[PDB]
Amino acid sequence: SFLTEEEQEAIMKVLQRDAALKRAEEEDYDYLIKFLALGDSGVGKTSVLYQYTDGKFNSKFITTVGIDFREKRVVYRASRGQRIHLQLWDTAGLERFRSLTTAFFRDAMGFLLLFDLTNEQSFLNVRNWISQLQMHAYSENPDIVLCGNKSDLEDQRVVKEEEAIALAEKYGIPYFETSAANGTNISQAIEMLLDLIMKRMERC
């Protein structure tokens, strides 16, 4: 396989869309907040963001061409309501896109790190992903929310919940078991990441 021009054109459209958005915020809403989802190919990053923004799910696998993003206007409340414009970056997991996607780790204010509860290797790769984030994000200690996705496939689960909770506590990061197919914990995990980011932004 070769880099096609359709693949390259699609990526250029995303970057054009990103430039337009970033120029409009230069300048309605009160804050542009940027997240990035990452993890092995096929763990469900694109599905998770789609379920969150649109409440929909497609079982067919359409691997992401390098990079994409979705948007959602939401209201955040610390524990008054602030209007938040979320840019939700969606990275491709395949190694062939690794250097293009790493280039966008530095644009994110926090990270949604996914593995697949039905694929043990994706869970073992979590610590490497965290290493790459520590090496490439805006800070060596960025906010991360870990998601074990595909919780609706209980008869195919291989990652024991205890093993996942243990890993997440060792690193100090919140953990959620999610399903992009039925929406379980999706908004809870993302709202947790947003709160972690709003608090760290307030104390700046």
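Numbering starts at 1 and runs along the sequence shown.
- A chain break between residue 155 and residue 156 is not present, all residues of the deposited sequence in that interval being modelled.
- According to the record, the deposited sequence contains 4 to 9 residues between residue 79 and residue 80 that were left without coordinates.
- Annotation for 18 to 26 versus 184 to 192: the higher mean temperature factor (C-alpha) is found in 18 to 26.
- Taking the PDB entry as given, 70 to 78 carries the higher mean Cα B factor of the two stretches 130 to 138 and 70 to 78.
- Taking only the listed residues 32, 43, 37, 48, the entry reports the highest CA temperature factor at 32.
- Across 92, 84, 114, 103, the entry's maximum B-factor at the CA atom is seen for 84.
- Annotation for residue 147: C-alpha temperature factor in the lowest third relative to the rest of the modelled chain, per the entry.
- Per the PDB record, residue ranking by Cα B-factor puts residue 56 in the lowest third of the chain.
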